[PDB]
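Data block below; observations after.
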Number of protein chains: 2
Amino acid sequence: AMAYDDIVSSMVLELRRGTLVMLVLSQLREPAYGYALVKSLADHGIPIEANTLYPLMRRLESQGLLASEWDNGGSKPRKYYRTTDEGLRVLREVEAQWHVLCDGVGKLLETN
Amino acid sequence: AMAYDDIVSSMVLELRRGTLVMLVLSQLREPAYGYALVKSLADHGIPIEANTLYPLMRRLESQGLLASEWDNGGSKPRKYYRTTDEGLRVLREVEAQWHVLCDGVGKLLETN
């Protein structure tokens, strides 16, 4: 009724979430402040809260997959982040498996 | 080292999880016992524990998206489940948005 719309939204939201790490690693192949990444994702049609995004980025930093740097610009300091050599390796692997997954899922859904 | 393999596995595992509800609704367009669905998914290359699968199916039942029936066959009773008219509606919507999502994600990853 509106319950059904709510069910659909949230199942679409789930699908989107799964893809975010990959999108973050991909974006941060160019060094960026978290705020910039936020607007960069929403600009490409992918909404993400700072409250989700920032913990995800630090967790990726703790994995060796992002590295970070402080910029002092008098406004305040802000970190920028960049995908490391290992992060790109991880990204490229996951992406290739994602594509296989998508074709496998597609075929299974098409059994008609 | 093996940490990296573990990071990759789990990011691939995440991607797979997102797709499961859709696969369950799709499979249960033919009535099936949970045990059958378990083996049916692992047969198509998608591993799922009964411990995850069964709560997901009841939650889908509580949404009006699966309905269920008891079979008494003397071994014991077992429920079978089937996708309802609303479930197929929900499935077909999510799937169409999933495809758009995949093409959007693909293009974003290919910016080179």
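Here's how to read the names in the structure tokens: chain A, B, ... by the order shown, residue numbers from 1 in each chain, ligand numbers from 1 in the order shown.
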At most 12 Å is the cut-off: for each residue in stretch 40-96 of chain B with any atom that close to an atom of stretch 7-19 of chain B, write down the nearest atom pair and the distance in Å rounded to one decimal, counting only C-alpha atoms, chain first then increasing number, as a Markdown table.
| residue | atom | partner | partner_atom | distance |
| --- | --- | --- | --- | --- |
| B:41 | CA | B:16 | CA | 11.8 |
| B:45 | CA | B:16 | CA | 10.7 |
| B:46 | CA | B:16 | CA | 8.1 |
| B:47 | CA | B:16 | CA | 9.4 |
| B:48 | CA | B:17 | CA | 9.0 |
| B:49 | CA | B:17 | CA | 11.6 |
| B:52 | CA | B:17 | CA | 10.2 |
| B:53 | CA | B:17 | CA | 10.7 |
| B:56 | CA | B:17 | CA | 11.3 |
| B:91 | CA | B:19 | CA | 10.9 |
| B:94 | CA | B:19 | CA | 9.9 |
| B:95 | CA | B:19 | CA | 9.4 |
Output chain B, superimposed onto chain A using in-order Cα pairs, as a tab-separated table (two decimals) with C-alpha atoms, in the first residue's frame:
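See superposed35.tsv below for the written result:
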chain	number	residue	atom	x	y	z
B	1	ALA	CA	0.00	0.00	0.00
B	2	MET	CA	2.83	2.25	1.13
B	3	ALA	CA	4.21	-0.68	3.05
B	4	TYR	CA	5.00	-2.31	-0.32
B	5	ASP	CA	6.89	0.83	-1.52
B	6	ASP	CA	8.81	0.73	1.78
B	7	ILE	CA	9.72	-2.93	1.25
B	8	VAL	CA	10.92	-2.21	-2.33
B	9	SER	CA	12.95	0.95	-1.32
B	10	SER	CA	14.79	-0.88	1.44
B	11	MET	CA	15.64	-3.92	-0.76
B	12	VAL	CA	17.00	-1.44	-3.31
B	13	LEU	CA	18.83	0.42	-0.56
B	14	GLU	CA	20.46	-2.96	0.49
B	15	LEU	CA	21.68	-3.65	-3.05
B	16	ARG	CA	23.25	-0.14	-3.10
B	17	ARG	CA	25.06	-0.51	0.20
B	18	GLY	CA	26.91	-3.68	-1.03
B	19	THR	CA	28.52	-1.63	-3.84
B	20	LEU	CA	29.68	1.41	-1.79
B	21	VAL	CA	33.18	0.13	-0.69
B	22	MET	CA	33.99	-0.54	-4.33
B	23	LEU	CA	32.76	2.91	-5.26
B	24	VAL	CA	34.80	4.51	-2.43
B	25	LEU	CA	38.05	2.68	-3.50
B	26	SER	CA	37.38	3.68	-7.10
B	27	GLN	CA	36.71	7.33	-6.28
B	28	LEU	CA	39.69	7.68	-4.01
B	29	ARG	CA	42.07	6.82	-6.79
B	30	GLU	CA	42.09	10.64	-6.80
B	31	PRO	CA	42.89	12.04	-3.32
B	32	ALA	CA	39.78	13.59	-1.68
B	33	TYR	CA	38.44	14.99	1.61
B	34	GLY	CA	35.50	12.96	3.05
B	35	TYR	CA	33.08	15.92	2.43
B	36	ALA	CA	34.15	15.95	-1.25
B	37	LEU	CA	33.56	12.19	-1.52
B	38	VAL	CA	30.09	12.62	0.00
B	39	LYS	CA	29.13	15.26	-2.62
B	40	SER	CA	30.91	13.24	-5.36
B	41	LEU	CA	28.74	10.15	-4.65
B	42	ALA	CA	25.46	12.12	-4.40
B	43	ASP	CA	26.46	13.88	-7.67
B	44	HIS	CA	26.64	10.43	-9.34
B	45	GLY	CA	23.23	9.42	-8.00
B	46	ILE	CA	24.52	7.63	-4.87
B	47	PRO	CA	23.37	9.16	-1.52
B	48	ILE	CA	25.50	8.40	1.53
B	49	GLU	CA	25.52	10.00	5.02
B	50	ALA	CA	28.83	11.26	6.55
B	51	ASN	CA	27.86	9.11	9.56
B	52	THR	CA	28.19	5.99	7.40
B	53	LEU	CA	30.83	7.16	5.01
B	54	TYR	CA	33.52	8.30	7.51
B	55	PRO	CA	33.66	5.06	9.61
B	56	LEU	CA	33.83	3.06	6.35
B	57	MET	CA	36.82	5.17	5.22
B	58	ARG	CA	38.71	4.70	8.51
B	59	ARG	CA	38.03	1.02	8.47
B	60	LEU	CA	39.47	0.96	4.92
B	61	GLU	CA	42.47	2.93	6.18
B	62	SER	CA	43.03	0.40	8.97
B	63	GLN	CA	43.07	-2.32	6.25
B	64	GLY	CA	45.98	-0.69	4.38
B	65	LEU	CA	43.57	0.09	1.56
B	66	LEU	CA	43.35	3.90	1.96
B	67	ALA	CA	46.08	6.13	3.29
B	68	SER	CA	45.41	9.61	4.63
B	69	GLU	CA	47.07	12.99	4.89
B	70	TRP	CA	46.41	16.16	6.87
B	71	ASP	CA	45.85	19.44	5.08
B	72	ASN	CA	46.23	22.56	7.26
B	73	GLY	CA	44.40	25.35	5.49
B	74	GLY	CA	43.55	27.62	8.40
B	75	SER	CA	39.82	26.90	8.13
B	76	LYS	CA	40.64	23.84	10.13
B	77	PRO	CA	42.67	20.76	9.38
B	78	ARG	CA	40.93	18.13	7.26
B	79	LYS	CA	42.20	14.74	6.16
B	80	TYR	CA	42.34	13.73	2.54
B	81	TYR	CA	42.35	10.06	1.53
B	82	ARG	CA	43.69	8.12	-1.40
B	83	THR	CA	43.46	4.48	-2.52
B	84	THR	CA	46.81	2.69	-1.83
B	85	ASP	CA	48.57	0.14	-4.10
B	86	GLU	CA	46.90	-2.70	-2.04
B	87	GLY	CA	43.49	-0.93	-2.18
B	88	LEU	CA	43.54	-0.93	-6.02
B	89	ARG	CA	44.53	-4.54	-6.02
B	90	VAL	CA	41.54	-5.32	-3.67
B	91	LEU	CA	39.19	-3.14	-5.77
B	92	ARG	CA	40.12	-4.76	-9.08
B	93	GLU	CA	39.64	-8.30	-7.66
B	94	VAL	CA	36.21	-7.53	-6.04
B	95	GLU	CA	35.01	-5.77	-9.27
B	96	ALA	CA	35.89	-8.72	-11.46
B	97	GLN	CA	34.02	-11.09	-9.02
B	98	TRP	CA	31.11	-8.62	-8.91
B	99	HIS	CA	30.70	-8.83	-12.66
B	100	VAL	CA	30.68	-12.65	-12.58
B	101	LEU	CA	28.16	-12.48	-9.74
B	102	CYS	CA	25.89	-10.14	-11.72
B	103	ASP	CA	25.87	-12.35	-14.78
B	104	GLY	CA	25.14	-15.42	-12.51
B	105	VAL	CA	22.32	-13.63	-10.74
B	106	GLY	CA	20.88	-12.35	-14.06
B	107	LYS	CA	20.72	-15.81	-15.61
B	108	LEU	CA	19.12	-17.30	-12.51
B	109	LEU	CA	16.44	-14.66	-12.51
B	110	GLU	CA	15.78	-15.22	-16.20
B	111	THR	CA	14.93	-18.94	-16.01
B	112	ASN	CA	11.72	-18.70	-18.08
Backbone-only DSSP, helix (DSSP H, G or I) members of chain A, as a ChimeraX atom specification: /A:3-27,34-43,50-62,85-109
Take the residues that were just selected and, keeping C-alpha atoms, output them as a tab-separated table (two decimals), in the first residue's frame.
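Written file, part.tsv:
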chain	number	residue	atom	x	y	z
A	3	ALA	CA	4.21	-0.68	3.05
A	4	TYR	CA	5.00	-2.31	-0.32
A	5	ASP	CA	6.89	0.83	-1.52
A	6	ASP	CA	8.81	0.73	1.78
A	7	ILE	CA	9.72	-2.93	1.25
A	8	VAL	CA	10.92	-2.21	-2.33
A	9	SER	CA	12.95	0.95	-1.32
A	10	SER	CA	14.79	-0.88	1.44
A	11	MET	CA	15.64	-3.92	-0.76
A	12	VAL	CA	17.00	-1.44	-3.31
A	13	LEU	CA	18.83	0.42	-0.56
A	14	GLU	CA	20.46	-2.96	0.49
A	15	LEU	CA	21.68	-3.65	-3.05
A	16	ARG	CA	23.25	-0.14	-3.10
A	17	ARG	CA	25.06	-0.51	0.20
A	18	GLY	CA	26.91	-3.68	-1.03
A	19	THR	CA	28.52	-1.63	-3.84
A	20	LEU	CA	29.68	1.41	-1.79
A	21	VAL	CA	33.18	0.13	-0.69
A	22	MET	CA	33.99	-0.54	-4.33
A	23	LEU	CA	32.76	2.91	-5.26
A	24	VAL	CA	34.80	4.51	-2.43
A	25	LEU	CA	38.05	2.68	-3.50
A	26	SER	CA	37.38	3.68	-7.10
A	27	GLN	CA	36.71	7.33	-6.28
A	34	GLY	CA	35.50	12.96	3.05
A	35	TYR	CA	33.08	15.92	2.43
A	36	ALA	CA	34.15	15.95	-1.25
A	37	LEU	CA	33.56	12.19	-1.52
A	38	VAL	CA	30.09	12.62	0.00
A	39	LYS	CA	29.13	15.26	-2.62
A	40	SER	CA	30.91	13.24	-5.36
A	41	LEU	CA	28.74	10.15	-4.65
A	42	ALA	CA	25.46	12.12	-4.40
A	43	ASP	CA	26.46	13.88	-7.67
A	50	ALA	CA	28.83	11.26	6.55
A	51	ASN	CA	27.86	9.11	9.56
A	52	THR	CA	28.19	5.99	7.40
A	53	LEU	CA	30.83	7.16	5.01
A	54	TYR	CA	33.52	8.30	7.51
A	55	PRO	CA	33.66	5.06	9.61
A	56	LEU	CA	33.83	3.06	6.35
A	57	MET	CA	36.82	5.17	5.22
A	58	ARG	CA	38.71	4.70	8.51
A	59	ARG	CA	38.03	1.02	8.47
A	60	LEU	CA	39.47	0.96	4.92
A	61	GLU	CA	42.47	2.93	6.18
A	62	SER	CA	43.03	0.40	8.97
A	85	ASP	CA	48.57	0.14	-4.10
A	86	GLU	CA	46.90	-2.70	-2.04
A	87	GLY	CA	43.49	-0.93	-2.18
A	88	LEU	CA	43.54	-0.93	-6.02
A	89	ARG	CA	44.53	-4.54	-6.02
A	90	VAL	CA	41.54	-5.32	-3.67
A	91	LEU	CA	39.19	-3.14	-5.77
A	92	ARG	CA	40.12	-4.76	-9.08
A	93	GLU	CA	39.64	-8.30	-7.66
A	94	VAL	CA	36.21	-7.53	-6.04
A	95	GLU	CA	35.01	-5.77	-9.27
A	96	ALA	CA	35.89	-8.72	-11.46
A	97	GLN	CA	34.02	-11.09	-9.02
A	98	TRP	CA	31.11	-8.62	-8.91
A	99	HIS	CA	30.70	-8.83	-12.66
A	100	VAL	CA	30.68	-12.65	-12.58
A	101	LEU	CA	28.16	-12.48	-9.74
A	102	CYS	CA	25.89	-10.14	-11.72
A	103	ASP	CA	25.87	-12.35	-14.78
A	104	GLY	CA	25.14	-15.42	-12.51
A	105	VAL	CA	22.32	-13.63	-10.74
A	106	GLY	CA	20.88	-12.35	-14.06
A	107	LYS	CA	20.72	-15.81	-15.61
A	108	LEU	CA	19.12	-17.30	-12.51
A	109	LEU	CA	16.44	-14.66	-12.51
